[PDB]
Amino acid sequence: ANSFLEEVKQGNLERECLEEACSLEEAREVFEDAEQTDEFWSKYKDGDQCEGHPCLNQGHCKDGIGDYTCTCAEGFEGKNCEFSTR
């Protein structure tokens, strides 16, 4: 029966089902969250969260399918931390 899932310890959530192994079979039911199904897939394209990196001045991005965030250094502030104090 099948070949990918089953023999595997179990399905997954995105990477394991986001390759030539799976597309959205079991991983679809392995979510539980309603909003986690939409934005998540619905043409999994989004902005690759951190593609253009929303964080400036060497900030950092956690990124997460759907939306991302940013973290700046101590001497940095502003929405995109685009402002360097010193």
# chains A, B, ... in the order shown; residues from 1 in each chain; ligands from 1

$ closest_atom_pairs --of "segment 43-72 of chain A" --to "segment 11-15 of chain A" --cutoff "12 Å" --atoms "only C-alpha atoms" --output "Markdown table"
| residue | atom | partner | partner_atom | distance |
| --- | --- | --- | --- | --- |
| A:44 | CA | A:14 | CA | 9.8 |
| A:64 | CA | A:14 | CA | 10.9 |
| A:65 | CA | A:14 | CA | 9.0 |

$ select_by_dssp --residues "chain A" --states "strand (DSSP E)" --output "PyMOL selection string"
chain A and resi 76-77+83-84

$ write_last_selection --atoms "C-alpha atoms" --output "PDB file, in the first residue's frame"
ATOM      1  CA  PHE A  76      19.183  49.657  15.796  1.00  0.00           C
ATOM      2  CA  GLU A  77      15.474  50.613  15.873  1.00  0.00           C
ATOM      3  CA  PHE A  83      17.611  53.294  11.628  1.00  0.00           C
ATOM      4  CA  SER A  84      21.045  52.905  13.158  1.00  0.00           C
TER       5      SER A  84
END

$ atom_distance --atom1 "atom CA of residue 28 of chain A" --atom2 "atom CA of residue 10 of chain A"
13.1 Å

$ residues_around --residues "residue 57 of chain A" --least-positions-apart "5" --cutoff "12 Å" --atoms "only C-alpha atoms" --output "ChimeraX atom specification"
/A:70-86

$ write_last_selection --atoms "N, CA, C and O atoms" --output "mmCIF file, in the first residue's frame"
data_model
loop_
_atom_site.group_PDB
_atom_site.id
_atom_site.type_symbol
_atom_site.label_atom_id
_atom_site.label_comp_id
_atom_site.auth_asym_id
_atom_site.auth_seq_id
_atom_site.Cartn_x
_atom_site.Cartn_y
_atom_site.Cartn_z
ATOM 1 N N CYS A 70 10.996 40.064 12.363
ATOM 2 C CA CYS A 70 12.395 40.564 12.245
ATOM 3 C C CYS A 70 12.961 40.938 13.617
ATOM 4 O O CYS A 70 12.239 41.261 14.540
ATOM 5 N N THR A 71 14.261 40.900 13.743
ATOM 6 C CA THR A 71 14.920 41.253 15.026
ATOM 7 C C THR A 71 16.156 42.103 14.693
ATOM 8 O O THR A 71 16.953 41.741 13.852
ATOM 9 N N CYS A 72 16.319 43.235 15.324
ATOM 10 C CA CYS A 72 17.493 44.087 15.002
ATOM 11 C C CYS A 72 18.531 44.011 16.123
ATOM 12 O O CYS A 72 18.339 43.351 17.124
ATOM 13 N N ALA A 73 19.631 44.696 15.954
ATOM 14 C CA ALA A 73 20.696 44.686 16.995
ATOM 15 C C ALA A 73 20.355 45.705 18.081
ATOM 16 O O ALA A 73 19.312 46.328 18.064
ATOM 17 N N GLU A 74 21.226 45.865 19.034
ATOM 18 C CA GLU A 74 20.966 46.828 20.145
ATOM 19 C C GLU A 74 20.951 48.256 19.627
ATOM 20 O O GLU A 74 20.109 49.060 19.975
ATOM 21 N N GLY A 75 21.898 48.567 18.825
ATOM 22 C CA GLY A 75 22.012 49.950 18.273
ATOM 23 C C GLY A 75 21.169 50.112 17.022
ATOM 24 O O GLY A 75 21.548 50.800 16.096
ATOM 25 N N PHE A 76 20.023 49.506 16.979
ATOM 26 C CA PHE A 76 19.183 49.657 15.796
ATOM 27 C C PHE A 76 17.713 49.752 16.219
ATOM 28 O O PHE A 76 17.303 49.160 17.198
ATOM 29 N N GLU A 77 16.912 50.490 15.496
ATOM 30 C CA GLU A 77 15.474 50.613 15.873
ATOM 31 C C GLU A 77 14.635 51.001 14.654
ATOM 32 O O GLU A 77 15.147 51.219 13.574
ATOM 33 N N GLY A 78 13.341 51.086 14.825
ATOM 34 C CA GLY A 78 12.453 51.455 13.686
ATOM 35 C C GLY A 78 11.706 50.211 13.201
ATOM 36 O O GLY A 78 12.031 49.100 13.570
ATOM 37 N N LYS A 79 10.712 50.383 12.371
ATOM 38 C CA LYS A 79 9.961 49.201 11.863
ATOM 39 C C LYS A 79 10.950 48.198 11.274
ATOM 40 O O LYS A 79 11.154 47.123 11.802
ATOM 41 N N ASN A 80 11.579 48.554 10.191
ATOM 42 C CA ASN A 80 12.573 47.648 9.560
ATOM 43 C C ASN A 80 13.930 47.850 10.221
ATOM 44 O O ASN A 80 14.956 47.567 9.635
ATOM 45 N N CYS A 81 13.959 48.356 11.423
ATOM 46 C CA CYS A 81 15.259 48.591 12.083
ATOM 47 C C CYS A 81 16.169 49.290 11.071
ATOM 48 O O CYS A 81 17.376 49.161 11.098
ATOM 49 N N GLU A 82 15.572 50.021 10.160
ATOM 50 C CA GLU A 82 16.361 50.730 9.112
ATOM 51 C C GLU A 82 17.074 51.937 9.708
ATOM 52 O O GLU A 82 17.706 52.704 9.009
ATOM 53 N N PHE A 83 16.962 52.121 10.984
ATOM 54 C CA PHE A 83 17.611 53.294 11.628
ATOM 55 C C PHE A 83 18.707 52.848 12.572
ATOM 56 O O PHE A 83 18.486 52.145 13.535
ATOM 57 N N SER A 84 19.893 53.274 12.291
ATOM 58 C CA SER A 84 21.045 52.905 13.158
ATOM 59 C C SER A 84 21.301 54.037 14.157
ATOM 60 O O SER A 84 21.527 55.170 13.779
ATOM 61 N N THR A 85 21.261 53.743 15.428
ATOM 62 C CA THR A 85 21.495 54.808 16.447
ATOM 63 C C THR A 85 22.917 55.346 16.310
ATOM 64 O O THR A 85 23.131 56.527 16.124
ATOM 65 N N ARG A 86 23.892 54.485 16.403
ATOM 66 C CA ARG A 86 25.304 54.944 16.282
ATOM 67 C C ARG A 86 25.975 54.238 15.100
ATOM 68 O O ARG A 86 25.870 53.025 15.023
#

$ atom_distance --atom1 "atom CA of residue 48 of chain A" --atom2 "atom CA of residue 36 of chain A"
15.9 Å

$ atom_distance --atom1 "atom CA of residue 27 of chain A" --atom2 "atom CA of residue 2 of chain A"
14.5 Å

$ residues_around --residues "residue 39 of chain A" --least-positions-apart "6" --cutoff "9 Å" --atoms "only C-alpha atoms" --output "MDAnalysis selection string"
chainID A and resid 46 65:67

$ write_last_selection --atoms "N, CA and C atoms" --output "short mmCIF file (atom, residue, chain, number, x, y, z; two decimals), in the first residue's frame"
data_model
loop_
_atom_site.label_atom_id
_atom_site.label_comp_id
_atom_site.auth_asym_id
_atom_site.auth_seq_id
_atom_site.Cartn_x
_atom_site.Cartn_y
_atom_site.Cartn_z
N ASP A 46 3.56 32.30 -1.07
CA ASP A 46 3.83 33.42 -0.11
C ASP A 46 5.08 34.20 -0.52
N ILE A 65 6.23 29.78 7.09
CA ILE A 65 5.22 29.71 5.99
C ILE A 65 3.95 30.46 6.38
N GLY A 66 3.66 31.53 5.70
CA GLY A 66 2.44 32.32 6.02
C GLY A 66 2.85 33.76 6.32
N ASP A 67 3.70 33.94 7.30
CA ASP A 67 4.16 35.31 7.64
C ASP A 67 5.48 35.21 8.41
#

$ closest_residue --among "A:60, A:41, A:34, A:47" --to "residue 17 of chain A" --atoms "only C-alpha atoms"
A:41

$ closest_residue --among "A:68, A:3, A:33, A:19" --to "residue 52 of chain A" --atoms "only C-alpha atoms"
A:68

$ select_by_dssp --residues "chain A" --states "helix (DSSP H, G or I)" --output "list in words"
residues 26, 27, 28 and 29 of chain A

$ write_last_selection --atoms "N, CA and C atoms" --output "PDB file, in the first residue's frame"
ATOM      1  N   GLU A  26      -1.396  13.040   3.147  1.00  0.00           N
ATOM      2  CA  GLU A  26      -1.586  12.911   4.620  1.00  0.00           C
ATOM      3  C   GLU A  26      -1.320  14.255   5.305  1.00  0.00           C
ATOM      4  N   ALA A  27      -0.237  14.897   4.966  1.00  0.00           N
ATOM      5  CA  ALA A  27       0.095  16.205   5.605  1.00  0.00           C
ATOM      6  C   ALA A  27      -1.146  17.103   5.670  1.00  0.00           C
ATOM      7  N   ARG A  28      -2.039  16.990   4.723  1.00  0.00           N
ATOM      8  CA  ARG A  28      -3.256  17.855   4.747  1.00  0.00           C
ATOM      9  C   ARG A  28      -4.073  17.561   6.010  1.00  0.00           C
ATOM     10  N   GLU A  29      -4.282  16.310   6.311  1.00  0.00           N
ATOM     11  CA  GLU A  29      -5.069  15.954   7.523  1.00  0.00           C
ATOM     12  C   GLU A  29      -4.178  16.063   8.761  1.00  0.00           C
TER      13      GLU A  29
END

$ closest_residue --among "A:59, A:69, A:54, A:24" --to "residue 40 of chain A" --atoms "only C-alpha atoms"
A:24
